[PDB]
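Scroll down for the structure; my scribbles are underneath it.
Every number in this text was worked out from the coordinates using simple rules, so none of it is lab data. Note that we place each Cβ from the backbone using ideal geometry, even for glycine, and neighbour counts take in every protein chain shown.
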Amino acid sequence: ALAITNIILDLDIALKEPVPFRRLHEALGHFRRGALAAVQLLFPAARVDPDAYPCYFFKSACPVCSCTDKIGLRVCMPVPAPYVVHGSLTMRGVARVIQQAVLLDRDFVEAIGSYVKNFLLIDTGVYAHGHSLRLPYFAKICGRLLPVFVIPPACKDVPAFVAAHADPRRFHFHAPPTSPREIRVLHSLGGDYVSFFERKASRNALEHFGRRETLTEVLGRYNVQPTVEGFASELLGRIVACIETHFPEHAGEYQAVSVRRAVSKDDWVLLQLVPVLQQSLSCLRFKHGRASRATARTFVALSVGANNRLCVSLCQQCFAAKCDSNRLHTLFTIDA
Amino acid sequence: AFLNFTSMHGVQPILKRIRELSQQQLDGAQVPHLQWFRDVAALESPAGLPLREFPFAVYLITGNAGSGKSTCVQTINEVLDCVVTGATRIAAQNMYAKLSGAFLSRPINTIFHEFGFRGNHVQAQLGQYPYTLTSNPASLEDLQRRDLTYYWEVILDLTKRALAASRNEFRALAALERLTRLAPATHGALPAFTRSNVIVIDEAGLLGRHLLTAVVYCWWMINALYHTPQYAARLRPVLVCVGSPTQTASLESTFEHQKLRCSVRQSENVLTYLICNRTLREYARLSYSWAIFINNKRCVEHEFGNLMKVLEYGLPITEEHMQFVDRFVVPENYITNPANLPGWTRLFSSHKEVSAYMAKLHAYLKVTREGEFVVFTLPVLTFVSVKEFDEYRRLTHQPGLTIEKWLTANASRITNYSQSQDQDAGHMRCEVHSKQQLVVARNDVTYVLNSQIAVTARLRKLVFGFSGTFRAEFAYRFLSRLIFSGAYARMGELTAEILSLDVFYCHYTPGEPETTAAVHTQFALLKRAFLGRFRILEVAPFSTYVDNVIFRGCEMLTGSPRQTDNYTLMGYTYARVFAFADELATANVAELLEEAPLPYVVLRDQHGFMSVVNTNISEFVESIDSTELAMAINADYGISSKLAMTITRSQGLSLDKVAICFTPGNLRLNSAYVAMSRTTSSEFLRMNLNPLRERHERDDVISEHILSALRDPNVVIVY
Amino acid sequence: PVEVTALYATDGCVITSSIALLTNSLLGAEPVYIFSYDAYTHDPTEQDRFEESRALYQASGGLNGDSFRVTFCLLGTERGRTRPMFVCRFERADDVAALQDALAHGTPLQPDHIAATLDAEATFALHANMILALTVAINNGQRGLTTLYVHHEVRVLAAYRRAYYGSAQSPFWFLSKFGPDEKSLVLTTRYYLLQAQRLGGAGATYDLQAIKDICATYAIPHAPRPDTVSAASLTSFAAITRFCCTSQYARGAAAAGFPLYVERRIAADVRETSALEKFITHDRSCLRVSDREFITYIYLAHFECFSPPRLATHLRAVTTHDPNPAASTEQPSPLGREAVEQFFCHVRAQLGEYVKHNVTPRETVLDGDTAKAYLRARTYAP
DNA sequence: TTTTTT
Ligand SMILES: Cc1nc(N(C)C(=O)Cc2ccc(-c3ccccn3)cc2)sc1S(N)(=O)=O
Ligand SMILES: [Zn+2]
């Protein structure tokens, strides 16, 4: 819900053998250079001088870096003014740009390359809603993230830079931005398939294999202008007929239910099937007790499949230990 | 015609590497001497066995099933010296089919036959002695000693049998002026390892790691006793291992002789051993010796191919993949119900599950009275002996054990496991007929009538006739026998030409001649005959056989008695033939087989020719006191329905239509990938649940190794 | 002195008949039938070779030499695709008259013509070592061959069938494994068996299917058959031999251009493929991308270079309409240049242009009190 | 759970 103001990257470095600190600090300077180039590329109307723009570095405790598993790093960058980044996917894209920009600078790969077993450094899955990231100045229940100072080459205030790593705002995703006239919100960077490889492969797929029409267009054939409950109505009868033949030990449970539209992806429409009031729908699989079984939710999933035919699936979400808790499972998919 | 192009031009670098790998001379001291294999025979236990390096080379040809790795093997065979082998008899026959479809390939046997595996080795204690590897880093000598200690009860017997056989052979010819190239031809029946150093093992992932060293070891054996010209040239074996590393696994079974608990653990296959061992990846230099075939040809679906890519390469499972595989999920009670998906092979993850489903299918096909498959009952017997189960009970430290409790688990270990534990059968009733000093047991196994069954073991087919439609030198004789059983005047106008009221139904002479010359004399005649009359006026089966048959019920009434091939079950004629009655222990049961008429089951091949086959007999010999003795011989039929099977066995052969029954909790993504990849088209695929949506134990360790191989400049990728 | 390499197959077991021929025994000797032959003279440019070969294979029919040393062979292995059995000189007028007749038409060579012309100085020398090995083995030239024939027949036949392993397979086998077309049946049988290893070159290491594909793209003009005999109307070797000998892919320009065209096609193909694989290997080695995007690149690149349409254009660019190398209609192939133009040069460039190509940015501008509003609303409180 | 070699 909130807007992200700091580029916080989790660098998980793999090691072939222990490393000297000086090599790590030089590699971090190269990383600063590459990341600042990537930032000045992503945010074109900003002014990132890559000799004074402060990047902040933290290393996990494992001098001799006694690292047998990994050099835990966290890199924090202020989002340059007047930009603010919005969206989990937008920061995912920022992370991919930074990651594929740091493995372009010859200095970084020359310095740390002989040590990193896998060149992947940045994890991009810590930006989804509800996913946690270990803050700096904190440990793990084995390594308290403590700052490693890579001073900008032309930093005009060293003491400020050092006493900038201790301010929580510098390492918080949705921190207060540190008299705003204009503000530019980067809220989308295309998506997962904007890579040239992805955009070329998708285009070749259409040329060689064929066009897979989108969900909306396919649904439009069956007089649905997204209304989806309109088709879900008639679909309920077929689904109930299927269950009261193949899954009969809970038959008289979905005789009277109302499709409740819950999730809407452009290729996945999930409508909940709550009845009329709190009588839960017994989980169709993994037979449980009287109360344990009646602790499940049911959904109907319309998608596009096969030779562009609308595929309707019955899905369940169970609150028991036997089934994956709060995970969506499928039971049957029927044609429409 | 353009399909072959990439393979044609990318196999050449492979060919231009195997040649130097095979023409690299070893130093004189590094060559394993004969005295080495003499000392191995002397050694009793595999503990004092000296650390001995056996040099070898490898070249790895890996890829998805449908990659085309077979084109590489084809090009290798016609250009290079090679001994083509196979990990399974089915794979060996598949390679023979695909090598004789281009040129001549000599009969392709299994690698086990090549290194001398015989009958008594089948049930041998292959995991007994221990080894604390003086390793990390593991020297190649230590790895080879581990693989020889693993197979001590096989390596020792092979060495003893080869050695104590005596010396002539090549030793003789080599001294022509003191011509070994012409030696394997003049002196025949010589082991095929004496004439080549390039050994191609196809589907080598079906072999455990213990075999790799073993093969190399055996190679040197057979080139030392015979003093082969390759041994004089100081050449070393190169093992071209062709197989899929992420669609194939090897399993080791050990039977505890008191608990009667046969256990099967997973093992490291040759491919995984070579890819994932730092010692072998350096000695064999897999970086400069690895070819990955990358293209899946039988995939006309983009999304299905993407799913195969993510599963094989270990890529992250995304929501889109879940939604795609969501369109295959059909209920548990829909797959298991025999009325649904007719003609679709059903895979389960348990042999008990298959035994349940086949019985249910038979119940359905009997109650609903389907004349398509008239379910029938056929006897299968077993023959235990009193002395065997007396002495073995004595040696197991427990002399109290019932015979039925003996057959509680050894029924699987008494014959081919696959069909033995995947068959619906009656209780193996036994009574004590000590006439030939035996305890006989007998039950019956229910099949279905007229189904595409497959032969499991090695059977001797005896073709009796041709049950094919009118469409259509000893084969020419059989065609003459067919003709021997061979508008109304207008097609008759051309029929009178055959003559030389149907004109063919006026006068005749015995259609099949006896001598070859007379057969050829009447051959061109009958060949032109059908072409002319049939042209004018083809669905009714032209049923013609050497002897009159009457299929009353299921048993036929042929009066006169005298594995890959997809046969069709027909019926159980008795018609005792001495051809199958090659019976010579074995004679004690031969007498009873004369007593009780052994039924010979009849099968119909792809062409339609009916063939009567022999039965199958298999021994159980395993013990704990190092006393391998012939306990029990199992006489049965050894046919498989090809309608239901296990996921693990599905790895071997591809299937047309597939419905997968997945047990939750036991979900392994490798099993899901293997099950889903047996069919070419994603259209004909149904599943119990979604393997991507359920909790699955993924083991992506070899996947990253292929990925790092796809990320190496010296690895040859062929598209 | 023109030297001919000839593949033959008698009516029945060719091994027994050939051995009886070598022993000068009139017991089993089916007239021999030659079906494929390569003629050469000890020596060249590509057009020099083409002129020499076009001179060798007389357009009217037969060869152009006066004396002929013919080395008959069988399908066997020593990896050589054939194996010689017996060598015959042809210097007399009657000898060459029989050879021209049997080489231009296909009429079988009677046992007399060969048997009176065995080069005993070399014929029995070819298999002399086999005689010695048989003597040594059975213990545990031509008189020796006869004696070993008498002593142990089974081992002699087994040795002459293990060596020359293929021997005679079947009349139908040749029509099966060497294409259904007459072009294949003549030209591919000549090259893959009697011309590949002798002339060396890359084609020595290419398989039968590859050579048949090369023959398929060797699309020289096709004149109709004077007798309109179809390639599938052949039953015995007397039909295959007659088809091949009176064919017009056997005694002239096409028979002279095929060996050179094999070399040309392979050279053009490897020029493009090797370039494409250099790019493939380099980009693969220096990609440094995520695992999924790596697989996407490797499959995308292999498609973008070796797709069915691109391949079809390339094979149409190497198809010939004439065997004369100086009058060839083959033209430069567009495979590698097109692949580099679209996918590879662009990927080398993206190797911060990558950001410009893959950014698709959406930055909404909010100026005024709405900026202050968006700040407090979507950022941790001050 | 788990096939395969004669
Ligand atoms: C438009 C297109 N068609 C493409 N073909 C022909 C293919 O993938 C063919 C294929 C498909 C699956 C596999 C496979 C096999 C085992 C495990 C994983 N995977 C291999 C090969 S690739 C593209 S692309 N790269 O442009 O989008
Ligand atoms: Zn549940």
Quick check: anything in region C:298-310 surrounded by fewer than 13 Cβ atoms within 10 Å (Cβ to Cβ), more than 16 Å from DNA strand D (Cβ to nearest atom) and closer than 26 Å to A:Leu120 by Cα?
-> no
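Yes/no matrix, rows are residues, columns are (1) surrounded by 15 or more Cβ atoms within 10 Å (Cβ to Cβ); (2) part of a loop (DSSP other than H, G, I, E, B):
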{"position": "B:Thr85", "(1), (2)": "yes, no"}
{"position": "B:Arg118", "(1), (2)": "no, yes"}
{"position": "B:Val122", "(1), (2)": "no, yes"}
{"position": "B:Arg146", "(1), (2)": "yes, no"}
{"position": "B:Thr149", "(1), (2)": "yes, no"}
{"position": "B:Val154", "(1), (2)": "yes, no"}
{"position": "B:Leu173", "(1), (2)": "yes, no"}
{"position": "B:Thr180", "(1), (2)": "yes, yes"}
Close pairs (9 angstrom Cβ cut-off, 6 or more residues apart or separate chains): within 23 Å of B:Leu482 (Cβ to Cβ) and outside any strand (DSSP E or B) in region B:455-470, of a type in the set (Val, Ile, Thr) and more than 16 Å from ligand 2 (Cβ to nearest atom) anywhere | B:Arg460/B:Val613; B:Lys461/B:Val455; B:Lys461/B:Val612; B:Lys461/B:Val613; B:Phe470/B:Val539
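Taking region C:356-372, which residues are at the interface with chain A (Cβ under 7 Å from one of its Cβ atoms) and acidic (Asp, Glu)? So that I can check it myself, show each step before the final result.
Residues of region C:356-372 at the interface with chain A (Cβ under 7 Å from one of its Cβ atoms): C:357-367, C:371-372.
Those that are at the interface with chain A (Cβ under 7 Å from one of its Cβ atoms) and acidic (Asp, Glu): C:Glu363, C:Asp367.
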Exactly one of B:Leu235, B:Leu206 is over 25 Å from the mean Cα position of the chain (by Cα), more than 16 Å from ligand 2 (Cβ to nearest atom) and among the aliphatic types (A, V, I, L, M), and that one is B:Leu235
Of (1) of a type in the set (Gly, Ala, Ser); (2) exposed (fewer than 13 other Cβ atoms within 10 Å of the Cβ); (3) facing another protein chain (nearest Cβ under 10 Å), C:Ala326 fails just (3)
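Do we find that A:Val304 is more than 16 Å from DNA strand D (Cβ to nearest atom) and closer than 25 Å to B:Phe304 by Cβ in this structure?
On the way: more than 16 Å from DNA strand D (Cβ to nearest atom): yes; closer than 25 Å to B:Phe304 by Cβ: yes.
When the stated conditions are applied, A:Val304 passes them.
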Identify, by number, the condition in (1) within 11 Å of DNA strand D (Cβ to nearest atom); (2) under 28 Å from B:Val325 (Cα atoms) that B:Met676 doesn't meet.
-> (1)
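Is at least one residue of region B:49-60 within 16 Å of ligand 1 (Cβ to nearest atom), buried (at least 22 other Cβ atoms within 10 Å of the Cβ) and either within 14 Å of chain C (Cβ to nearest Cβ) or not in a strand (DSSP E or B) (or both)?
Of the residues in region B:49-60, the ones within 16 Å of ligand 1 (Cβ to nearest atom) are none.
So far as region B:49-60 goes, no, none of its residues is within 16 Å of ligand 1 (Cβ to nearest atom), buried (at least 22 other Cβ atoms within 10 Å of the Cβ) and either within 14 Å of chain C (Cβ to nearest Cβ) or not in a strand (DSSP E or B) (or both).
Residue check: is C:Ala102 in a loop (DSSP other than H, G, I, E, B), of a type in the set (A, V, I, L, M) and more than 9 Å from every other protein chain (Cβ to nearest Cβ)? Full working, then the answer.
On the way: in a loop (DSSP other than H, G, I, E, B): no; of a type in the set (A, V, I, L, M): yes; more than 9 Å from every other protein chain (Cβ to nearest Cβ): yes.
Answer is no for this residue.
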Residue hits (region C:43-99; under 30 Å from C:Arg264 (Cβ atoms), more than 14 Å from every other protein chain (Cβ to nearest Cβ), out of contact with any strand residue (DSSP E or B) (no Cβ under 8 Å at 6 or more places or on another chain) and of a type outside the set (D, E, K, R)) are C:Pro44, C:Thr45, C:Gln47, C:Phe50, C:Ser53, C:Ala55, C:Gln58, C:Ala59, C:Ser60, C:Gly61, C:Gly62
So B:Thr71, is it surrounded by 15 or more Cβ atoms within 10 Å (Cβ to Cβ), more than 16 Å from ligand 2 (Cβ to nearest atom) and assigned to a strand (DSSP E or B) = no
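Can you tell me which residue among C:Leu375, C:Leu335 is touching a helix residue (DSSP H, G or I) at 6+ places or on another chain (Cβ under 9 Å), within 12 Å of another protein chain (Cβ to nearest Cβ) and surrounded by 13 or more Cβ atoms within 10 Å (Cβ to Cβ)?
Working: C:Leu375 fails: touching a helix residue (DSSP H, G or I) at 6+ places or on another chain (Cβ under 9 Å).
Unique residue meeting the criteria: C:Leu335.
On the basis of being surrounded by fewer than 17 Cβ atoms within 10 Å (Cβ to Cβ), among the acidic types (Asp, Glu) and either within 30 Å of A:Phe108 (Cα to Cα) or more than 8 Å from chain A (Cβ to nearest Cβ) (or both), does C:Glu353 make the cut? Even if it seems obvious, please write down each step before you answer.
Numbers: surrounded by fewer than 17 Cβ atoms within 10 Å (Cβ to Cβ): yes; among the acidic types (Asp, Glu): yes; either within 30 Å of A:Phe108 (Cα to Cα) or more than 8 Å from chain A (Cβ to nearest Cβ) (or both): yes.
Yes: the conditions hold for C:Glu353.
What number of residues within region B:300-310 are in a helix (DSSP H, G or I) and within 31 Å of the chain's Cα centre (by Cα)? Full working, then the answer.
Initially, region B:300-310 is screened for residues in a helix (DSSP H, G or I), giving B:302-310.
Add one more test, that the residue is within 31 Å of the chain's Cα centre (by Cα), and what stays is B:304-310.
Of the residues in region B:300-310, 7 are in a helix (DSSP H, G or I) and within 31 Å of the chain's Cα centre (by Cα).
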Within region C:289-302, the residues that are among the charged types (D, E, K, R) and either closer than 12 Å to B:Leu710 by Cα or within 8 Å of chain B (Cβ to nearest Cβ) (or both) are C:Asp291, C:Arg292
Among (1) surrounded by 11 or more Cβ atoms within 10 Å (Cβ to Cβ); (2) of a type in the set (S, T, N, Q); (3) touching a helix residue (DSSP H, G or I) at 6+ places or on another chain (Cβ under 8 Å), the one test that B:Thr521 misses | (3)
Of all residues in region C:195-222 being among the β-branched types (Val, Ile, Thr) and within 13 Å of chain B (Cβ to nearest Cβ), the one that is farthest from the chain's Cα centre (by Cα) = C:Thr217
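Conditions tested, residue by residue: (1) within 14 Å of chain C (Cβ to nearest Cβ); (2) small (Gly, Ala, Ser).
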| site | (1), (2) |
| --- | --- |
| A:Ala164 | no, yes |
| A:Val185 | yes, no |
| A:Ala205 | yes, yes |
| A:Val218 | no, no |
| A:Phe247 | no, no |
Does region C:188-201 hold any residues that are closer than 22 Å to C:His42 by Cα and assigned to a helix (DSSP H, G or I), and which are they?
-> C:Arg190, C:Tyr191, C:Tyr192, C:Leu193, C:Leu194, C:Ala196, C:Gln197, C:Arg198, C:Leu199
Condition set farther than 26 Å from A:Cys323 by Cα and surrounded by fewer than 21 Cβ atoms within 10 Å (Cβ to Cβ), scope region B:654-678, selection nearest to ligand 1 (Cβ to nearest atom): answer is B:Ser654
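Report, by residue number, each residue of region B:311-340 that is within 16 Å of ligand 1 (Cβ to nearest atom), in a helix (DSSP H, G or I) and crowded, with 19+ Cβ neighbours inside 10 Å.
If we filter region B:311-340 for residues that are within 16 Å of ligand 1 (Cβ to nearest atom), which is where we start, we get B:311-318, B:320-321, B:324-325.
With the extra rule that they be in a helix (DSSP H, G or I), the set shrinks to B:311-313, B:320-321, B:324-325.
Once the filter is applied, which keeps residues that are within 16 Å of ligand 1 (Cβ to nearest atom), in a helix (DSSP H, G or I) and crowded, with 19+ Cβ neighbours inside 10 Å, region B:311-340 yields B:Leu311, B:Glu312, B:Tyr313, B:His321, B:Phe324, B:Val325.
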Being of a type outside the set (A, V, I, L, M, F, W, C), within 41 Å of the chain's Cα centre (by Cα) and under 30 Å from B:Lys642 (Cβ atoms), is that true of even one residue in region B:533-542?
-> yes
If you go through region A:270-292 one residue at a time, how many are within 14 Å of chain B (Cβ to nearest Cβ) and in contact with a helix residue (DSSP H, G or I) (Cβ under 9 Å, 6 or more places away or on another chain)?
-> 5
In contact with a strand residue (DSSP E or B) (Cβ under 9 Å, 6 or more places away or on another chain), buried (at least 20 other Cβ atoms within 10 Å of the Cβ) and within 12 Å of chain B (Cβ to nearest Cβ) - does that describe any residue in region A:262-269?
-> yes
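Within region B:679-707, count every residue that is within 16 Å of ligand 1 (Cβ to nearest atom), within 22 Å of B:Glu320 (Cα to Cα) and away from chain A (no Cβ under 14 Å). Steps first, please.
Step one: list which residues in region B:679-707 are within 16 Å of ligand 1 (Cβ to nearest atom), which gives B:679-683, B:685, B:691-692, B:698, B:700, B:702-707.
Then keep just the ones that are within 22 Å of B:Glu320 (Cα to Cα); that gives B:679-683, B:685, B:691-692, B:698, B:700, B:703.
Filter once more, so that each one left must be away from chain A (no Cβ under 14 Å): B:679-680, B:698.
Count: 3.
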Within region A:166-183, which residues are under 32 Å from the mean Cα position of the chain (by Cα) and more than 7 Å from chain C (Cβ to nearest Cβ)?
-> A:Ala166, A:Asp167, A:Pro168, A:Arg169, A:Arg170, A:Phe171, A:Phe173, A:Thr178
